Amino acid sequence: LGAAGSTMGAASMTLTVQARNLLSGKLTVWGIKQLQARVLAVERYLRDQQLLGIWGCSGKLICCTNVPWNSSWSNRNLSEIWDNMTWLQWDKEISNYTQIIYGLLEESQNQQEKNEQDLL
Amino acid sequence: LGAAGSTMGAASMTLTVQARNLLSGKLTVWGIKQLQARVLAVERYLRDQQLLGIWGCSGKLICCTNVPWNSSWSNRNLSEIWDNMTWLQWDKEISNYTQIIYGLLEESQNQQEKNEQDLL
Amino acid sequence: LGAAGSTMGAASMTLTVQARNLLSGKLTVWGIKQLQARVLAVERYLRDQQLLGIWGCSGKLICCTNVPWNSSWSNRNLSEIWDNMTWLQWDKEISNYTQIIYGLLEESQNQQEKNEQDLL
Amino acid sequence: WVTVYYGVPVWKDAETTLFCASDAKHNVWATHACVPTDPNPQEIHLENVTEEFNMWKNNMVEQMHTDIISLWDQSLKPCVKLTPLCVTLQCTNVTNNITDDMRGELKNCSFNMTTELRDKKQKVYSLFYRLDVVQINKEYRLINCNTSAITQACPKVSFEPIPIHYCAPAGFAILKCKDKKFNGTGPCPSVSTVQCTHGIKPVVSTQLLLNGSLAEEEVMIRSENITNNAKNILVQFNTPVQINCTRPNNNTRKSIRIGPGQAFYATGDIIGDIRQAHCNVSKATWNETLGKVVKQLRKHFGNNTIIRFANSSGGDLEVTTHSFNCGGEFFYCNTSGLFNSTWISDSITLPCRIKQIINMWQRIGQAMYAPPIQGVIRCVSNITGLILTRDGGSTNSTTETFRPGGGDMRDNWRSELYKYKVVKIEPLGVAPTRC
Amino acid sequence: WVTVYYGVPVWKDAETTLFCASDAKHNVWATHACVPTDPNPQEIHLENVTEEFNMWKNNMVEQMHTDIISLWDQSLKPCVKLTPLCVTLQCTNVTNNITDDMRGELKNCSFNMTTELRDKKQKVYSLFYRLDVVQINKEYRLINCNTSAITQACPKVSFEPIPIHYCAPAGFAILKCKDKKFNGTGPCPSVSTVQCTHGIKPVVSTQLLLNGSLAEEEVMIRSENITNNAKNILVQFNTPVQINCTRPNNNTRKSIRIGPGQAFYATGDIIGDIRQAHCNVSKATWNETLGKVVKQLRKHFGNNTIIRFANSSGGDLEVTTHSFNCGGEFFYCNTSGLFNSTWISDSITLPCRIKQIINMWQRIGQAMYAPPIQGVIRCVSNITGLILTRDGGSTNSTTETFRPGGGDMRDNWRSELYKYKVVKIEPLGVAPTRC
Amino acid sequence: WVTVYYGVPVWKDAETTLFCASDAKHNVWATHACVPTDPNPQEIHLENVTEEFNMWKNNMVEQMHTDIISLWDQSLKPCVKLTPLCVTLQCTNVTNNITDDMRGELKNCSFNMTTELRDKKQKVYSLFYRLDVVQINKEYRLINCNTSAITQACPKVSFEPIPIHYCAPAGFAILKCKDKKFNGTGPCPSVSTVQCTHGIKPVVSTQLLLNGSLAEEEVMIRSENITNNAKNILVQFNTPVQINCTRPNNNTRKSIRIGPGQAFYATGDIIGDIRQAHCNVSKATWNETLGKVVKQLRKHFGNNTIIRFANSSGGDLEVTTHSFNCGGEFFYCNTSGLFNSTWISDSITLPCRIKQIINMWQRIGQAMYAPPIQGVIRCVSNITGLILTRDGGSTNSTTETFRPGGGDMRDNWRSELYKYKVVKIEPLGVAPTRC
Ligand SMILES: *[C@@H]1O[C@H](CO)[C@@H](O[C@@H]2O[C@H](CO)[C@@H](O[C@@H]3O[C@H](CO[C@H]4O[C@H](CO)[C@@H](O)[C@H](O)[C@@H]4O)[C@@H](O)[C@H](O[C@H]4O[C@H](CO)[C@@H](O)[C@H](O)[C@@H]4O[C@H]4O[C@H](CO)[C@@H](O)[C@H](O)[C@@H]4O[C@H]4O[C@H](CO)[C@@H](O)[C@H](O)[C@@H]4O)[C@@H]3O)[C@H](O)[C@H]2NC(C)=O)[C@H](O)[C@H]1NC(C)=O
Ligand SMILES: *[C@@H]1O[C@H](CO)[C@@H](O[C@@H]2O[C@H](CO)[C@@H](O[C@@H]3O[C@H](CO[C@H]4O[C@H](CO)[C@@H](O)[C@H](O)[C@@H]4O)[C@@H](O)[C@H](O[C@H]4O[C@H](CO)[C@@H](O)[C@H](O)[C@@H]4O[C@H]4O[C@H](CO)[C@@H](O)[C@H](O)[C@@H]4O)[C@@H]3O)[C@H](O)[C@H]2NC(C)=O)[C@H](O)[C@H]1NC(C)=O
Ligand SMILES: *[C@@H]1O[C@H](CO)[C@@H](O[C@@H]2O[C@H](CO)[C@@H](O[C@@H]3O[C@H](CO[C@H]4O[C@H](CO)[C@@H](O)[C@H](O)[C@@H]4O)[C@@H](O)[C@H](O[C@H]4O[C@H](CO)[C@@H](O)[C@H](O)[C@@H]4O[C@H]4O[C@H](CO)[C@@H](O)[C@H](O)[C@@H]4O)[C@@H]3O)[C@H](O)[C@H]2NC(C)=O)[C@H](O)[C@H]1NC(C)=O
Ligand SMILES: *[C@@H]1O[C@H](CO)[C@@H](O[C@@H]2O[C@H](CO)[C@@H](O[C@@H]3O[C@H](CO[C@H]4O[C@H](CO)[C@@H](O)[C@H](O)[C@@H]4O)[C@@H](O)[C@H](O[C@H]4O[C@H](CO)[C@@H](O)[C@H](O)[C@@H]4O[C@H]4O[C@H](CO)[C@@H](O)[C@H](O)[C@@H]4O)[C@@H]3O)[C@H](O)[C@H]2NC(C)=O)[C@H](O)[C@H]1NC(C)=O
Ligand SMILES: *[C@@H]1O[C@H](CO)[C@@H](O)[C@H](O)[C@H]1NC(C)=O
Ligand SMILES: *[C@@H]1O[C@H](CO)[C@@H](O)[C@H](O)[C@H]1NC(C)=O
Ligand SMILES: *[C@@H]1O[C@H](CO)[C@@H](O)[C@H](O)[C@H]1NC(C)=O
Ligand SMILES: *[C@@H]1O[C@H](CO)[C@@H](O)[C@H](O)[C@H]1NC(C)=O
Ligand SMILES: *[C@@H]1O[C@H](CO)[C@@H](O)[C@H](O)[C@H]1NC(C)=O
Ligand SMILES: *[C@@H]1O[C@H](CO)[C@@H](O)[C@H](O)[C@H]1NC(C)=O
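Residues numbered from 1 in each chain as written, not as in the entry; some residues may be left out. Chains lettered and ligands numbered in written order. Part of a larger assembly, values for the part shown. Heavy atoms only, no water.

Structure determination for this PDB entry is given in the record as cryo-EM, at a resolution of 3.79 Å.

Listed below in C-alpha cells is the structure:
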C-alpha cells in the first residue's frame, strides 16, 4: 500500500505493486496459526479472483464494462472524483451501492456478451 | 442450482448464478471439519479452473473450441438436445465420452492456436 | 516431465502435459502430511498463476510480451538457444537475470497496454 | 461445434465431510464452535426434478454418529477421574422413610477415601442407587469397576440437546425430499436444494423417540425390510404424545476432595421422603396414537390382521427400558405399561430406575459418572415416534406382535436425516452446437 | 462508464489471526517454530493518510495474551508431576547462619517420598521458602496443594524473553501510528504500513514495566479514562531506570527420584551465609524520573496540584509487590521504598521474597514449581514504565495520590502494541469514467 | 522478443513434505491412513537427462526416520501402563526341564500386585527372561525401571512391516537413479521421474539387513567415505541368503488385572521343554556370498589384500547382536558364528536371546513391553545386506578386518532410499524469440 493518500487518478499507475503482495506465497502453538494463515490468504485471493472472472475481466488490474454510471452514485464531477480525491474517500460514499453495482457488473455484461457471441 | 429441470438451452441464461456459489468464501470436533471444508472448496474450485485454462477459455461460463462434434457422441438433433432435455439427462449419455472429448478439447485447440500465433 | 532433455524448441509442443499435473487435485501421523500436502500444492499453483496474470498473459502455456531481449542475457544465436539446447541448460545461464526480466515483464506491458486502452 | 458450459446444474451422489452450524452455555456438544447459521437459508426448489433416496444407506447418519461419539469423549476428557472410588465399600440400606417400592433401591455406603495429603485417608459416605453397585462375598464395589475406568463428568457441562445444522462445503449441496409420504427409499419426485439441513437436536433415547420432527400427515412406517425380523421399524408420529417425567426426591450433594484440585460429587442425604421417579403418559393420547400406528401397520400385513403389542423380551437396560436423559440425570423407565393390548378391528404411570454410572454408546470400555443434581427434576418431552421390532416364531395366521426394541443410536439420527442426501456439483459439461 | 480497478489502497478495520515470526535454545516460548523474520521489513509510509487507533479496544492484545497462556501451558505439559509431594511435611527452621532478617524464611523439612520401587519409601529433606508452605495444626503441607496439582517445570526450559514479531497473513496489514505524542486513542495523522510489528519481548511483571520500549520524547501518560478510578494509568518513560536484582545465596540442588524416570529437583543446602535477595534502584535516577512523571500527570489535574505516591494498599503478592522473573527464579519485591514522597512545585534497596510455587496468569487451578537454580543469580533490567492507579475517597482539593497497582498481564502487552492496528485490504473497487 | 513458457521441464533440488501411500490389520504403522496407491504408477523416463545424487545427504532418510519414530510413539500411546510392576520381585530359577544352555535364562518370579479394588493386593507370578531383570542386594527389579516408565504394547497391534510408498505433493517429483552400479554418490546418467517411490517395508534390524531390495547385478559396496573408519559401509547383496529363526518354547500367557480395565499380559508357564530360540543360516550360501562381498571390497583396497571378518567388539545388545523382530517378539542373536574367517585369494546356527523390555530407537526414556505370544514362533527372512565397519589400529600391510557394526536405523532406510531424490518443478521460464 504505497498509493496511500494519492488520488484515485494518481493511484492507478501502481495497481501492480499492491496486487503483487495480495497472495505473497506440526500443530502446536504457532504451527496452527501458520497453517490457517496460509489457508486464509488463499481463500481471500480466490474469493476475489472469481469475481473478476464473473465480471468478465480476468486480465485485470484495470478493466471496463457495459454498465452506465448512475446519477445516484455520488454524481460528482470526474475532475474531482478521478483527480482530486483518494480511493479511501471514494469508498466511503460509493460503498452504499456495492451490491447494486456488483449485480449489474455481472449480468449486464454476461447477458449481452455471452449469448450474442454464441449466436455469432 | 435453480436451472433444475429446465432444458440445456434454457439453463444457459443462469450459469452466472450457479457459478457464484461454487467457491463461496482450534482443532477439536467441528474445528477440524471446518478447516478441511475450506481446503476442499478451494481444491475443487481450482481443480476445474485449470481445466478451462487448458481448454483455452478462461473467460468462461460459455466458450467454444475448434473440435467438431462426433456422430458417436449421442448424435441426436439439436432441436432435442439443446432445447427439449436437461443437462442431467444429457450427462447421463454424453459422459461415456468424457475422456475422449477432454483430450480433444485440450490439444486440438492448443496445437493449432499456439504455435500458429507464435509464428505470427 | 516428458520433455526431458529435448531442446527448448522441441519441448514447446508438450507444455500441456506437464501443466496438467501441476495441481492434480483426522490429524495423526500421515493425516497431518496429507493436509499440508494439499495446501502446498494449492499455494504453489496460485503463486505462479498470479504472476502470469500480472505479466498479462493468463491464457498461458505460451505468450509474448513487449519487452525486447537484452544482449547481456546470454546473447547467443536462436539457432542454438531455441533449437539445440534444453530448458535445464538454459535456466542455468538465464536465471542470473530473473528479477530483472520479471520486473520488466510486469511493468513494460502493464504501463503501455493499460492506461493506453483506458484512454481508448 | 463442441462447446463447453460451466454453471450447469449437474450433480452426482457424493460423500464429503459435512460441518456443524448453530444459532449461536458450554454444553457437551460444544455448539459455540459451530459458526452461526444463515438467517435466510432459502431452499431452491428444483422444478421438474426427480431424485432417488435411501435412508438405510445414507452416510449422513454415520457422520452424525461419529461426531457425537467423538464429541462426547472430547467433552468428558478434561475431568476428574474416579479411579480412587474403586475400593471396598461398606453398605447398608437407606431405611429412614421408605415409600414401599423403594425398598432396596438406595444404599447408604461408606469407604476410606484418599485426601489432599497422600498419607492420610478420610472416612466418608455417600448414597448409591442399587444399579450402581455389586455385592462381593455387605461389602460392595462399584459396577463396572472391574471393566473400565470411571470418569466424573465435569459438573458444569449441560446435557441439554441443542439443534445442530449440517452444512455442505462449497461445491456440494444437500438435497431435501419433499414427498410427504416418502417411505425412506426409492424415488422422491419434488426435491429442493439447501446448503444446510434444518436443526436436529442430538436427543438420545431408546424405545421411544423423543423431541423429533413429526410426520406431515399420516403416521409413517419405515423399514429397510418390513418382512425381515432382524430389521427395526421406525414409526414417525404425525402428532406428539406428552410424557412427563420426574425425580421428586429432594437431593443434596457433597463435595469430597480426593486430591490436589480433584473432587468428587457424592449423592448426599435426601430431604423429605422417597419416590419412584416415574413418568406420566397421557392415557388416551397414547393409546389413540397406537390405534393410528396399527391402522398404518396393517397396510403391509393385511386389513384383516391382528396387531398386538408386547414389551421388550430381555437384554440390557438400554434395550429393555426407556432410556433417556433429563437435566443430566439418567432414567431407565419401565414401558410395559405402554406396550400392551391388541387391536382387532387419566394417566399411565411408568416406574423408573435411576442410575449414575453410564456406559454410553454401548461400548465396553469408558464409563461416565453422572454427578448428582440437587434440585428436583421435572421434564416434559414430546414422544414423536417408536422403535419397533416384529417378533418371530411361526408368525402364523393373521396375528403379529410388535415390541419396543431398540439400541444403536444411529436409528434415532436416521429418523431425522431420512429426507436428506449429499451430492456434489460438477459444474462443467459439453453439448453440441454450431459455433 | 463503470470501470473496476483492483490494486486499490483501500482498507478496513479487521480482525484476523496474526502469527509469530522470530530472528531464529528451546525456551518456554518455543520461538523456533515461528519462521525467521524478514531481514528488510521496510515500512511503507502512507503519504497524506490519517488513521484512527484505540489501544483499549485493540484485539492484538487479546491474541498476545491468548498465545502466551496457551504456549505456557503447552511448554509445561510434558513434565514431571509433583503430586507425591503432597504429604505431611516435618519442618524446622534453617538456623545455621541467619543474617537477622531471614529468620523464619527458610525451612528445613523432611518427608517420606515414593521411590522407584513402589513398595518402599525414602526419607528425604529439602529446603522451602516460607511462602510455599502452610502449617497444619510443626507439620506442614505445600501451599496450593489443596487447590491444584503442582507440576515441575522441565529444568531445561529457559524463561528468558525473546522478541516476538507479529505478522499479518497476506491480504492483511498492520498499521503503525507514528504520531510521537499519541495518547493511546483517537486520530493519529501520519501512519505507515508494515507486514510485521517490531519484536516485543514477552516480559511479565507487575507494578513496574521492565525491558519495554521507551517513549520518544516525553514521559507519556495513557489511560482509557483518566478520571475513572477503576482504570489503570500506564506510564511510559522516555528514559530507562536501572534496576539490579540479586539472589546471593549459593544454592545446591538435589535430584530425588520419585518414580520410573520421574525426578524432582529439591532445593539443597545453602553454601555460605544467607541474604535477603534484594534489588537496587539508582536513587537519583528513580526519583528524578518520578519528577518527570509528575510534571506530565499535572496536565490532566491542574498545574497547582499535589501529586503524592503511596504503596499498594493490599491484596495478593502479584498486586502488592514487584513480581518479576530472573533466570527462571521468581521474585516478589517490596516497592514501598520507591512509591513515596510528594511533589508540590546512592541506592534504594528493595527487600524481596523468593517463592517456588507459582500460580501464573492469576488462575485458580494449575500450579507450577520452579526448580532451584544453583548459580548465584544476578540480573539487570531496564525499568521502562509504571502501572499506576488513582486512589479514591473524597479526592478533594487539589491533592491526589497514586499507587503501584497491577495485575492482568494484558496491560503489559497493551503498553507495547498501542501503536498498531490490524486492517484488511479489499483490493477491488469502482469509479466513474468514460470508457 | 522476450516470451514466456509455462510447462517447461525445469526442476531444482528441493525439500518438501512427502506423504505415505499404501496398497490398502491395524498394525503399528497405521497404513490404512495412507490413502490407496496408484494402480499404474508409470515412470517417465527422462531422455538425454543427467542428474546428481547423494544418499548420504538425502533428506528423505530423515523424514522416514522421523515418521517412524513419531508413528511408533503414537501407536503405543493409548495402552496399559506398567508402572505398578516396579515393585520388589522375588525370583527363582525355572528348573523343571533345563536343556543345558538355558540354565539361568528363565526366572520364576512373584510379587504383590494391585487389584481392581485399590485396598487389596494379589500375589501373582510370571516368567521373565534374564535380560529383563536386575538383582538388588534373590530380590529383583525390572530392568529400566529406574530409568523410564514401561508401557505395554497394545496386544492387538501387529508389528509386521507393510510396504510404504512415499509420494510427492503436486508441484514436486521424485527422481529415480537407474544407473545399476551407482555407488551412492555423484552423477547418475539415466534418470526417470515418478510421483511415488516403490514400497519400502519399515523393517528394523542391526548388523544384517533383512527383507530389503537386491542389487541388480553385483554386490554393491557403498560408503560416505570408505577410508574413514568412523563411517559405515553398507553392503547390498545381489542375491538373498535364507535365515530361519525360531522360538520353540510353547508359551502360555496370563492376563492379570491391575486396575479398572487395566491388564497386563504375563508370560505364563511353558509347555514342554526349553530351547535356545536359535537361527539357521544356510551355510554354503552365507559364506559363498561373503566371498562375493570380498571380491568387491578388494576394489577399494587392492587385489592383493587380505580380507578378514570378525564379530562386533562390544557395546549394547543392539550393536553386538543381530537385533530383529518376528511376530512382535524381540530377538538378539549371536552372529559370531557368521562373521569369521579370512579370504586370501549344512547349517550355521546362531544362539539367541529373547528380551521383553525394549528401548527402541536408542532413546534413554520410554520403554516398551512386548507382551508374550503363545504360539510357537517361526519366521523366514531374506538377508539382503550387511552393515560393516572397517577396523582401526595401525591398519598396516595389506590386511584389513571388517566387523558387523550397527545401530542408527537411519542407515537401514538409507539402504532403500539411495536411488531417490526430491526435486521441485518450476514451470515457468523465458527464452528469446522474435514475436
Ligand atoms: C405435563 O405437565 C404439563 C405442565 O403442567 C401439563 O400441561 C398442563 O395440562 C393442564 C391440563 O390439561 C393444562 O391446564 C389447562 O389449561 C387450559 C388453558 O387455559 C388458559 O387460559 C385461561 C383463561 O383464563 C387461563 O386462566 C389459564 O391459566 C390458561 O392460561 C385450561 O383451559 C384448562 O382448564 C380446563 O380443565 C380444568 C381441569 O381441572 C378445569 O378445571 C377447567 O374448568 C377447564 O375445564 C373446563 O373446560 C373444558 C373444555 O372442554 C370442559 O371440558 C371442562 O368440563 C370444563 O368446563 C366446565 O367447567 C367450567 C368451569 O367450572 C365451566 O365454565 C364450563 O361451563 C364447564 O362447566 C386447564 O387449566 C395446563 O395449562 C398445561 N400446562 C401447560 C404448560 O401446557 C401436561 O398435561 C402434563 N402431561 C401429562 C402427561 O400429564
Ligand atoms: C424435549 O424439549 C423440551 C423443551 O425444550 C426439553 O425440556 C427442557 O429441558 C431442560 C433441561 O432439563 C430444562 O432446562 C432446565 O430448566 C430448569 C427450570 O428453570 C425454570 O425457571 C427458570 C427461572 O428463571 C426459567 O428461566 C426457566 O426457563 C424455567 O422456567 C432450570 O433450572 C435449569 O437450569 C439449571 O441447570 C442447568 C443444567 O446444565 C444449568 O446449566 C443452569 O445454570 C441451571 O443450573 C443452576 O441452578 C441449579 C438449580 O438446582 C443448580 O443446581 C446448578 O448448580 C446451577 O446453580 C434448566 O434451565 C428446560 O426448562 C426444559 N424445558 C421446559 C419447557 O421445561 C426436554 O428436556 C427435551 N427432552 C429431551 C429428552 O431432551
Ligand atoms: C531485561 O534485558 C536484560 C538484557 O538482555 C536481561 O538480562 C539477561 O537475563 C538472562 C537470563 O537471566 C541472562 O542470561 C544468563 O546469564 C548467565 C551469565 O553468563 C555470563 O557468562 C557467560 C560466559 O560465557 C557469558 O556467555 C554470558 O553472556 C554472561 O556473560 C548465564 O550463565 C546463563 O546461562 C545459563 O542458564 C540458562 C538458563 O536457561 C541455560 O539455558 C544456560 O545453558 C546456562 O545454564 C548452564 O549453566 C548454569 C550455571 O549454574 C547451570 O546451572 C545450568 O544447569 C547449565 O549448566 C544465562 O545466559 C543474561 O546474561 C542477562 N543479560 C545481561 C546483559 O546480564 C533481563 O533479564 C531482562 N529482564 C527481564 C525481566 O526479562
Ligand atoms: C520378511 O518377509 C517375510 C515374508 O513376508 C516375513 O515373514 C512373515 O512374518 C509374519 C509375521 O511374523 C508371518 O505372519 C504370521 O504367520 C502366522 C502363521 O500362519 C500360517 O497359517 C495360516 C492359516 O490360515 C495362514 O493363513 C498363514 O498365511 C500362515 O500360513 C500367523 O498365525 C500369524 O497370524 C497371527 O498373529 C498375528 C500377529 O499380529 C495376528 O494379527 C493374527 O490375527 C494372528 O493372531 C491370532 O492367532 C494367534 C496364534 O497363536 C493368537 O495368538 C492371536 O491372539 C490371534 O488369535 C501371522 O499371520 C508370515 O506368515 C510370515 N510369512 C511367511 C511366508 O512365513 C518376515 O517376517 C519378514 N522379516 C522381517 C524381519 O520382517
Ligand atoms: C461539474 O462542475 C460544474 C461547474 O459549474 C457544475 O455545474 C456541474 O454540475 C458539476 N457536475 C457534477 C456532476 O457535480
Ligand atoms: C433430426 O430429425 C429429422 C426428422 O426426420 C431426422 O430425419 C434426423 O435424422 C434427425 N437427426 C438426428 C441427428 O437425429
Ligand atoms: C550467430 O552465428 C554467427 C555465425 O558466424 C555469428 O557470427 C553470430 O555472432 C552468432 N550470434 C550470436 C548471438 O552468437
Ligand atoms: C478404613 O480402614 C480401617 C482399617 O482397619 C477399616 O477397619 C475400616 O472399616 C475402613 N473403613 C471403611 C469404611 O472401609
Ligand atoms: C515416615 O513414616 C514413619 C512411619 O511411622 C513416620 O514415623 C515418619 O515420621 C515419617 N517420616 C516423615 C519425615 O514424615
Ligand atoms: C507381599 O507382602 C507381604 C507382606 O509381609 C510380604 O511378606 C510378601 O513377601 C509379599 N509378596 C511378594 C511376592 O513380594
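Asks: Any chance you could explain the overall build of chain D here in plain terms?
Replies: The helix and strand inventory of chain D stands at four helices and 33 strands. Expressed as lengths along the three principal axes of its C-alpha atoms, the size of chain D is roughly 95 × 55 × 35 Å. Carbon and sulfur atoms make up 46% of the accessible area of chain D, which totals about 18,800 Å². Within chain D, the 37 negative side-chain charges are centred at a point lying 5 Å from the centre of the 45 positive side-chain charges. (Helix = DSSP H or I, 4+ residues; strand = E, 2+ residues; numbered from the N terminus. Areas by Shrake-Rupley, 256 points an atom, 1.4 Å probe, with all protein chains shown as cover. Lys, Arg positive; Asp, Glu negative; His and termini not counted. Charge placed at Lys NZ, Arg CZ, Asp CG, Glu CD.)

Asks: Even after reading the chapter, I still don't get the site of ligand 3, so can you show me in this structure?
Replies: Residues and elements named next belong to chain E. Taken together, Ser158, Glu160, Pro161, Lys201, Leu210, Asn211, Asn325, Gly327, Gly375, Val380 and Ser381 make up all the residues around ligand 3. Between ligand 3 and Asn211, the relevant distance is 2.4 Å, taken from an oxygen atom to a side-chain nitrogen or oxygen of the residue. For ligand 3, a nitrogen atom lies 3.0 Å from a polar atom in the side chain of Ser381. Protein chains bury 35% of the 1,300 Å² of accessible surface belonging to ligand 3 in isolation. Looking at the shell around ligand 3 residue by residue, the class counts come to three nonpolar, six polar and two charged. (Near = heavy atom within 4 Å. Polar contact = N/O pair within 3.5 Å; in protein donor to acceptor, adjacent residues only side chain to side chain. Nonpolar A, V, L, I, M, F, W, Y, C, P; charged D, E, K, R; others polar.)

Asks: Quick question: what am I supposed to make of the sheet that holds strand β1 (residues 62-64) of chain A here?
Replies: Pairing between the strands of a sheet comes from backbone hydrogen bonds, and it takes one of two forms, parallel or antiparallel. Taken in spatial order, the three strands line up as β1(A)-β1(E)-β33(E) in an open sheet, and their pairing is antiparallel. The sheet is open, and its two edges are formed by β1 of chain A together with β33 (429-432) of chain E, each paired on a single side. Shown here is a sheet whose adjacent strand axes are inclined to one another by a mean of 30°, direction ignored. Both β1(A) and strand β1 (residues 2-5) of chain E contribute to a ladder of three bridges, which runs antiparallel. What sits directly across from A:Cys63, in β1(E), is E:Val4. The strands touched by helix α4 (residues 87-94) of chain A are β1 and β33 of chain E; relative to β33(E), the strand with the most contacts, the crossing angle is about 90°. (Pairing = 2+ DSSP bridges. Axes fitted to C-alpha atoms, helices over the stretch in contact; angles between N-to-C directions. Contact = heavy atoms within 4.5 Å.)

Asks: What am I meant to see in the interface of chain C and chain F here?
Replies: Frequently, the measure chosen for interface size is the accessible area that the parts lose on association. Counting residues at the interface gives 52 residues for chain C, matched by 50 residues for chain F. Together, C:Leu1, C:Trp30 and C:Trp69 form the three largest contributors to the area buried by chain C at its contact with chain F, with a combined 19%. Joining chain C to chain F, the criterion identifies two salt bridges. For the salt bridge of F:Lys12 with C:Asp91, the shortest nitrogen-to-oxygen distance reads 2.7 Å. Along the contact surface separating chain C from chain F lie 15 residue pairs in polar contact. Mapped onto the side of chain C that touches chain F, the elements with two or more residues apiece are α1 (15-20), α2 (28-54), β1 (62-64), α3 (78-81), α4 (87-94) and α5 (98-113) of chain C. With 15 residues, the top contributor of residues to the side of chain C that touches chain F is α2(C). Across the side of chain C that touches chain F, the residue classes tally to 36 nonpolar, eleven polar and five charged. (Buried area = accessible area lost by both parts, 1.4 Å probe. Salt bridge = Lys/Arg side-chain N within 4 Å of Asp/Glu carboxyl O.)

Asks: What is the right way to read the pairing of strand β33 (residues 429-432) of chain F from this model?
Replies: Side-chain positions along a regular strand alternate between the two faces of the sheet. Residue and element names in this part refer to chain F. Along β33, one buried face is formed by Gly429 and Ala431 and the opposite face, lined by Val430 and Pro432, is buried too. Here strand β1 (residues 2-5) pairs with β33 via four bridges, running antiparallel. Bridge assignment links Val2 to a residue of β33, and that residue is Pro432. (Buried < 20%, exposed > 50% of the residue type's maximum accessible area, 1.4 Å probe, protein only.)

Asks: How should the side chain of F:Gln236 be read in this particular structure?
Replies: Residue and element names in this part refer to chain F. Looking at the element boundaries, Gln236 is found in strand β18 (residues 233-247). You can call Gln236 buried: its relative accessible area is 7%. In terms of polar contacts, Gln236 uses its side chain to reach the side chain of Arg222, at 2.9 Å.

Asks: Teacher, can you tell me more about the packing of aromatic side chains here?
Replies: What characterises a pair of aromatic rings is the spacing of the ring centres plus the angle enclosed by the ring planes. Counting across every chain of the model gives 51 aromatic pairs over all chains. Aromatic pair C:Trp73 and C:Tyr97: ring centres 6.4 Å apart, planes at 45°, arrangement tilted. Of the two residues, C:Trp73 is situated in the loop between β1 and α3 and C:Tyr97 in the loop between α4 and α5; the sequence distance between them amounts to 24 residues. When the ring of F:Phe264 is compared with that of F:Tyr369, the centres are 5.6 Å apart and the planes differ by 45°; the resulting orientation is tilted. Per residue, the accessibility class of F:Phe264 equals that of F:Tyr369, and both read buried. An aromatic cluster is built from A:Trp69, A:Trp73, A:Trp90 and A:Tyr97, whose rings are joined through pairwise contacts. Of note, B:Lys60 hangs over the ring of D:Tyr6, and the distance from its end group to the ring centre comes to 5.3 Å. We note E:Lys421 situated over the ring of E:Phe53; from NZ or CZ to the ring centre the distance is 5.7 Å. (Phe/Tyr/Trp six-rings, centres within 6.5 Å; stacked < 30°, edge-to-face > 60°. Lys NZ or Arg CZ within 6 Å of the ring centre and 35° of its normal.)

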